[PDB]
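Take a look at the structure set out below.
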Amino acid sequence: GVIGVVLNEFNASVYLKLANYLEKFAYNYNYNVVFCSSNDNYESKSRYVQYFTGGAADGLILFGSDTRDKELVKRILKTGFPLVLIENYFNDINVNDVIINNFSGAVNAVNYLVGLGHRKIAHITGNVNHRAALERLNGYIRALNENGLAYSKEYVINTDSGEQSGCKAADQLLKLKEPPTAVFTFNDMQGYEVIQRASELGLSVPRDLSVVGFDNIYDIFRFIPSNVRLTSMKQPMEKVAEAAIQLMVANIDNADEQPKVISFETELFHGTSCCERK
Amino acid sequence: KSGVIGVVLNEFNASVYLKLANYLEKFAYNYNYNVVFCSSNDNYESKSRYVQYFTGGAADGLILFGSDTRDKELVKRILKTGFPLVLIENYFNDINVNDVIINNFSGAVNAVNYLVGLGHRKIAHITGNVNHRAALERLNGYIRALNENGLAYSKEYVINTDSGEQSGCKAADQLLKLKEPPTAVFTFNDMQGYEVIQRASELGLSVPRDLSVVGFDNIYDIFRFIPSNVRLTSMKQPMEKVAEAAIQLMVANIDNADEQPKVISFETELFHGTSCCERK
Numbered sequence: 060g061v062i063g064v065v066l067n068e069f070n071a072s073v074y075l076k077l078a079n080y081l082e083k084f085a086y087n088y089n090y091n092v093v094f095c096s097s098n099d100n101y102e103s104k105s106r107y108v109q110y111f112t113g114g115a116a117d118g119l120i121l122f123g124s125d126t127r128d129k130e131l132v133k134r135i136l137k138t139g140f141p142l143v144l145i146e147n148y149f150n151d152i153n154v155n156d157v158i159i160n161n162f163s164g165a166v167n168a169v170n171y172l173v174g175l176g177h178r179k180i181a182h183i184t185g186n187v188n189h190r191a192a193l194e195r196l197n198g199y200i201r202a203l204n205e206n207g208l209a210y211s212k213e214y215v216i217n218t219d220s221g222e223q224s225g226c227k228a229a230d231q232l233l234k235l236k237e238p239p240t241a242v243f244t245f246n247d248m249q250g251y252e253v254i255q256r257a258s259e260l261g262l263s264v265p266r267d268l269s270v271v272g273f274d275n276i277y278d279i280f281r282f283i284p285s286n287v288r289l290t291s292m293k294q295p296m297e298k299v300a301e302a303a304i305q306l307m308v309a310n311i312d313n314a315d316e317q318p319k320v321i322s323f324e325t326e327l328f329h330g331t332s333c334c335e336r337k
Numbered sequence: 058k059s060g061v062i063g064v065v066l067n068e069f070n071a072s073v074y075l076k077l078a079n080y081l082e083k084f085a086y087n088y089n090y091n092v093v094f095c096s097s098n099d100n101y102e103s104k105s106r107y108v109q110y111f112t113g114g115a116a117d118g119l120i121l122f123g124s125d126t127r128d129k130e131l132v133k134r135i136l137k138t139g140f141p142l143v144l145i146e147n148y149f150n151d152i153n154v155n156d157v158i159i160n161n162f163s164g165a166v167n168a169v170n171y172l173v174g175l176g177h178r179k180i181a182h183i184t185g186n187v188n189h190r191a192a193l194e195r196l197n198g199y200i201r202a203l204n205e206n207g208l209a210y211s212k213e214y215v216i217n218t219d220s221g222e223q224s225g226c227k228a229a230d231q232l233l234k235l236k237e238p239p240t241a242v243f244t245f246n247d248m249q250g251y252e253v254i255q256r257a258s259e260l261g262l263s264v265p266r267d268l269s270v271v272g273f274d275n276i277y278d279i280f281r282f283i284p285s286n287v288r289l290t291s292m293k294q295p296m297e298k299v300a301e302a303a304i305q306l307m308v309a310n311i312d313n314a315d316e317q318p319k320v321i322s323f324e325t326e327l328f329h330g331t332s333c334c335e336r337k
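Residue numbers (PDB author numbering), protein chains in the order written: chain B, 60 to 337; chain A, 58 to 337.
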């Protein structure tokens, strides 16, 4: 049997670990896994979906929640072709989806910093128009309140999550009359950029500033060019892969199976970017 | 004919090969071919399974990366069958196969020439596993570069490693604790280079001031973010050119079974970062 996976492109994201895990679990169910890259060209993505639904595969797996793919996913769902999505937050559809609890991940990150004695905790957001980023910001806000901390507009830097977003965000935060003793970043890329800008301003990390990120990106590269390894929320990529294969196999053995949504919690990786405060 | 080119990888990882994969898709498109990738998850029997899947009819041709001696018999088997096969960075000695390679030797020569041009006379090398041709080619280029620049070879400036995690940190500790420390070091890869910069910092040294570092892969290219202010001066691999050449050899091979195996080589290019500075 063959399960097909279409990606927008090959890149060093957390999905690289997900890809290897799909092969591990598919092999356990005696299935082959085949991947295609669309080179971020939606025409090609549609071409690869047709290749798979046309007979090259028994099932298709897609990643993310990009609005441009709304029509395409709906198009695939009109058919009964087995489909499993990963981290998808489309409102109007009923489809097999394996998601991550981004909200509780942000809550646990802030709880962890509060447990270390931090009371001035900032957040550098992702693109809030995307559900994952909105959930991480909402989790941060809920955790401030649950821990009896005040919310401050100056401690939240809204970004589009692009490259250098961490540098400028850390610059605004550290130039405040009263700087966060700790920052929770939407992702590890921003976290590392925060550490870089801080050191440029003469601040030392974790001593002058504690940082907690998201994705545990060091695990992908196996090294980071920075003086510390980020404390970060780890995505359950192995559990996500197992669940996705299981949903697909079941969906393949019977077309009368209804769309199941399975959610998994993130786990905190303890790095060297955090320090206890008096 | 399926109009499909199959690629079998040992695993999905954050290496320079990530850029090669996207370029394979880009060039295949121009030749009206779909590209499909498989990961063996490092299971050799899994790799065999994927090769059988492709040669069994799922694809019209196959691409494999690297030069692992484990796969020598597999490659010979694929070659006995007339199936369209193109290898990338393969250094197997007894076969006639389409092969697209990178000039690792001259890349190392160009790296060392640059450090000599900056005034460095004490240049160390942290190697990769020398059992692999690429690591040995990078080591040999460094040696030849020392000789062409009228510098003496010093065994103490060559640290042999298997190129694994933390290999750069340990190598840097040995080199910097020498009676007379290298004023510059050429690492087998960027990962070792970044590890060298970090360990040097822990010993109270400042990079490029106390130590110039030149790596290989220009790995920063796959970082969609900025980790540090010290970016490695490093050799860039011609992955766009390699992918195009691989697909041109593959399409010709699928079209004509009697096309003879060709070996095409591409030079690396020096990327100037912020990890080097002038000596005296």
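Even for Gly, the Cβ is constructed at its ideal location relative to N, Cα and C.
- The C-beta of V320/A has fewer than 16 other C-beta atoms within 10 Å across all chains shown, which makes the residue exposed.
- Inclusion of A314/A and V242/A in the CB contact set at 8 Å is not warranted, their separation being larger than that value.
- When Cβ-Cβ separations below 8 Å define contact, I62/A makes no contact with chain B.
- Sequence-distant partners of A78/A (beyond 5 residues in either direction) whose C-beta falls short of 6 Å from its own C-beta are missing from its chain.
- Boundaries of the alpha helix (DSSP H) around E82/B: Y74 to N87.
- DSSP lists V65/A as the bridge partner or partners of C95/A.
- Within the same chain, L193, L196 and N217 come within 8 Å of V187/B by CB-CB distance, once the 5 residues on both sides are set aside.
- Within the model, the alpha-carbon separation for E335/A versus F273/A is close to 20 Å.
- Within the same chain, and ignoring the five residues on either side of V299/B in sequence, the residues whose Cβ sits closer than 8 Å to its Cβ are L77, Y80, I145, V157, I159 and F323.
- Fully enclosed alpha helix (DSSP H) runs of no fewer than 4 residues occupy 190–205 of the region 177–221 of chain B, in order along the chain.
- In this structure, DSSP gives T112/A a helical state, which the three-state scheme calls helix.
- Here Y107/B has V65, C95 and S97 as same chain residues with Cβ atoms under 7 Å from its own Cβ, once five neighbours each way along the sequence are excluded.
- In this model, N153/A and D125/A are separated by some 16 Å (Cα to Cα).
- Secondary structure note for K298/A: it is in no beta strand (DSSP E), and the uninterrupted alpha helix (DSSP H) holding it is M296 to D312.
- Of the candidates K179/A, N155/A and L233/A, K179/A places its Cα closest to the Cα of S211/A.
- Under the Cβ distance rule, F69/B counts among the residues neighbouring chain A, one pair being separated by less than 8 Å.
- Per DSSP, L172/A is one residue of the alpha helix (DSSP H) stretching across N161 to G174.
- Minimum Cα-Cα distance from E259/A among the listed residues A303/A, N147/A and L233/A corresponds to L233/A.
- Between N91/A and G185/A, the C-beta spacing is not below 8 Å.
- DSSP, read as helix, strand or coil, puts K227/B in helix.
- Contact between the region 279–293 of chain A and the region 221–229 of chain B is present: three or more C-beta pairs spanning the two stretches fall below 8 Å.
- Between the alpha carbons of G261/B and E237/B lies a gap of roughly 16 Å.
- Secondary structure note for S258/B: its alpha helix (DSSP H) is the uninterrupted segment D247 to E259.
- Contact of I279/B with chain A by beta-carbon distance below 7 Å involves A71.
- Residues of the region 139–171 of chain B with a C-beta less than 8 Å from any C-beta of chain A: none at all.
- Interface flag for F282/A against chain B is set, since a Cβ pair is found closer than 8 Å.
- Between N275/B and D278/A, the alpha-carbon positions lie close to 20 Å from each other.
- Within the same chain, Cβ atoms closer than 6 Å to the Cβ of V143/B are found at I120, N155, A303, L306 and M307, the five residues on either side in sequence being excluded.
- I135/A sits in a helix when the DSSP states are folded into three classes.
- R256/A sits buried, since 16 or more C-beta atoms from the chains shown fall within 10 Å of its C-beta.
- For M307/A, the closest Cβ of chain B is not nearer than 8 Å.
- Contact with chain B is absent for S291/A, since none of that chain's Cβ atoms lies less than 8 Å from the residue's Cβ.
- Per DSSP, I120/A is one residue of the beta strand (DSSP E) stretching across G118 to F122.
- DSSP places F243/A within a strand segment (E or B) once states are collapsed to three.
- Secondary-structure assignment with DSSP links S269/B through a beta bridge to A241/B.
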